[PDB]
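So the chains spell out like this:
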Amino acid sequence: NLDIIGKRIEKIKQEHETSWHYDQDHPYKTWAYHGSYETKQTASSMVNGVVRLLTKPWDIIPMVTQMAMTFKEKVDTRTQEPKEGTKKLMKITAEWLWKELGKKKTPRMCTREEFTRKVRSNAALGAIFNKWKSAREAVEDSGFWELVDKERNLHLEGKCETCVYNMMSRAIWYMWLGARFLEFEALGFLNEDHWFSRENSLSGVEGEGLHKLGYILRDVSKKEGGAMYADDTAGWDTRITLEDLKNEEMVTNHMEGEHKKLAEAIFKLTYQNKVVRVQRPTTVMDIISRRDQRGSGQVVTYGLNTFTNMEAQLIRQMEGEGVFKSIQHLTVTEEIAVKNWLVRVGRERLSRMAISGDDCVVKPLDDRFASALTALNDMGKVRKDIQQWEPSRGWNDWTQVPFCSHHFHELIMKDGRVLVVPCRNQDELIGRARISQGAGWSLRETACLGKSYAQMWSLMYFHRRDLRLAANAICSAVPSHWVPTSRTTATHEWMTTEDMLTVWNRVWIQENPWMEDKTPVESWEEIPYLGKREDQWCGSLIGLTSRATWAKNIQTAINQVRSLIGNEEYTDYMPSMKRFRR
Ligand SMILES: CC(=O)NCc1cn[nH]c1
Ligand SMILES: [Zn+2]
Ligand SMILES: [Zn+2]
């Protein structure tokens, strides 16, 4: 408790010594509360006018238009201590999993140089504004690095002064850039060196890309076994136990020297003990603490979520296969049985999964998995939207399984070759492309964000009639040479000024390990669509009068946007489609 967080608390006390008051009407039950101080401040979603002017039919679709308008009673909940048998299963599994992940990788520190390059090309490193304006400026000033050094030597001493979270089914815990650096220095290797790649982790998909996820799910479907299970957890980040955080910390067992000590300090001082500042309108700033739940940088959160989800799903698989009888207590011979299962079939069982942070798809040996719930519930990974003890419903067809907010279609090209393509309800895609985040967007910056969405649609969603047409229209409306942008950045092959047909060929043909015939596609007309009825099922407006008028008059919409942007160099991409090809 207060020996580890006291220093951080003491320091904040003094910078607001004219405001410190131990409030009596504090709303916290599961968070430890320490005091309050005076503040007064808040970033809503803005519409992208380039995308909206080129998607007129969707102006009257509420699922699209409502997306642009507008649980902290789940962050304030508590998770019970797992039973001794559960804790044993998790420790054995975690020990075995870090060794497997470490077989072909070497833990290492990430560098000021690496951190500096990241910031100088905009990655969402959840930092705060003070002394320097942006992250870009702090990184060039040697005063910052002297602050970093003071904290670093403090961490080596087993103490913390400035690693404090700022709070803001979503919850993002910003820290000052210095704290983020020290986290990246110790644990950045997990992401930077691809520990959760599919080649390295067998269950993972880190770096895989939306054009690969469908092929990965189809490969899992080819295994002998039961239904495909895709159970979502109710608020995964809030269900991370102190036992989970202790099994995650065992990655430090694979480290040495300085690194081992720096990593151990991040786990002890920032993850297993946390200090947070929250805005309350009653507007004061609350300084609260707790030991458990997830609150790291988003990128370390992704890797440790993937790790602990892989662990939980192997244990649920063990339960279905009858490897252990009860979570109350593992016998001595059950421990040897669990260890022996992992050595004998662990890697095979990992290959039966696709795991992306809190999101999973499992194809178990058989459907006993469906009612194997005791370990999963006792670890605190309670399933969303189903009663605690009600057996999971599995999917009989890999094309119906939800994963990473998508489903996947099998699409046969006129030439016989097989594409496995990502899909989701088209209102979601159009509604997201119509939204920007943040202030001070020029017309040129807004146009370049529209072009980023258009090129993503050309590469990932070319099989949706409305998106291929809207992508061609946006790319026709934005100057040919303007570079696509995004203020918050998997593999983003659409972020380029290269011709999108050349990029399509590289991604779907040349570099696609599931495509044996490498014959390049010569035109967009060789590239197929979903069936017309399937396109409507997934939200297409094909068949509506609104959509027919839009498609027929598209050059008028394109001209409207060109007239606003001004006298620039434009390309007509519409004749890449049959119906505009005269
Ligand atoms: C309709 C269109 O192409 N407008 C572009 C433009 C603006 N000024 N001169 C040409
Ligand atoms: Zn610290
Ligand atoms: Zn679909």
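Residues numbered from 1 in each chain as written, not as in the entry; some residues may be left out. Chains lettered and ligands numbered in written order. Heavy atoms only, no water. Residues with missing side-chain atoms left out of burial classes, pairs and counts.

Going by the header, the method for this PDB entry is X-ray crystallography, and the resolution given is 1.67 Å.

### Overview of the coordination of the zinc ion (ligand 3)
Distances from the zinc ion (ligand 3) to its protein donors, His407 (NE2), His409 (NE2), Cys423 (SG) and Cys538 (SG), fall within 2.0 to 2.3 Å. Here the zinc ion (ligand 3) binds four donor atoms, and the angle range of 103 to 120° at the metal identifies the geometry as tetrahedral. (Donors = N, O, S within 2.8 Å, 3.2 Å for Na, K, Ca; no water. Tetrahedral: all angles 85-135°; square planar, octahedral: opposite > 155°, others 65-115°.)

### Side note on a nonpolar patch on the surface
Residues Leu53, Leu443 and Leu564 make up a contiguous nonpolar surface patch of about 260 Å² in total accessible area. With respect to the helices, strands and loops of the structure, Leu564 is situated in helix α23 (residues 554-565). (Patch = residues over 30% accessible without salt bridge, like charges linked within 9 Å, V, L, I, M, F, W, Y side chains within 5 Å. Areas by Shrake-Rupley, 256 points an atom, 1.4 Å probe, with all protein chains shown as cover. Salt bridge = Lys/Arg side-chain N within 4 Å of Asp/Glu carboxyl O. Helix = DSSP H or I, 4+ residues; strand = E, 2+ residues; numbered from the N terminus.)

### Remarks on the coordination of the zinc ion (ligand 2)
Binding of the zinc ion (ligand 2) to the protein goes through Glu151 (OE), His155 (NE2), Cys160 (SG) and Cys163 (SG), at separations of 2.1 to 2.2 Å. Of note is the zinc ion (ligand 2), whose four donor atoms meet at the metal with angles of 82 to 124° in an arrangement that counts as irregular. Mapped onto the sequence, the donors of the zinc ion (ligand 2) take the spacing E-x3-H-x4-C-x2-C. Assessed through its relative accessible area of 3%, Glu151 is described here as buried. (Buried < 20%, exposed > 50% of the residue type's maximum accessible area, 1.4 Å probe, protein only.)

### Digging into the site of ligand 1
Taken together, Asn559, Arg562, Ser563, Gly566 and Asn567 are the residues near ligand 1. Here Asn567 contributes a side-chain N or O atom positioned 3.4 Å from a nitrogen atom of ligand 1. Considered on its own, ligand 1 offers 300 Å² of accessible surface; in the complex 56% of this is hidden by protein. Counted by class, the shell around ligand 1 contains no nonpolar, four polar and one charged residues. (Near = heavy atom within 4 Å. Polar contact = N/O pair within 3.5 Å; in protein donor to acceptor, adjacent residues only side chain to side chain. Nonpolar A, V, L, I, M, F, W, Y, C, P; charged D, E, K, R; others polar.)

### Some points on unusual backbone geometry
At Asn122, a residue that is not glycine, the phi angle is positive and equals roughly 55°. With respect to the element layout, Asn122 can be found in the loop between α5 (112-119) and α6 (135-138). Relative accessible area serves as the criterion here: at 33%, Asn122 is assigned to the partly exposed category. One non-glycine residue, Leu202, lies in the positive phi region at around 70°. By secondary structure assignment, the location of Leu202 is in the loop between α10 (198-201) and α11 (210-221). You can call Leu202 buried: its relative accessible area is 18%.

### Overview of the packing of helix α4 (residues 84-102) against helix α12 (residues 242-249)
Relative orientation of the contacting elements α4 and α12 amounts to 25°, with a least axis distance of 9 Å. Looking at the two axes, α4 sits roughly parallel to α12. Considering how the two elements wind past one another, α4 and α12 form a crossing that is right-handed. Taken together, the residues of α12 that come into contact with α4 (itself represented by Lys87, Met90, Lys91, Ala94 and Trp98) are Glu243, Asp244, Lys246, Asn247 and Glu248. (Axes fitted to C-alpha atoms, helices over the stretch in contact; angles between N-to-C directions. Parallel < 35°, antiparallel > 145°, perpendicular 65-115°, else oblique. Left-handed = near helix turned anticlockwise from the far one by under 90°. Contact = heavy atoms within 4.5 Å.)

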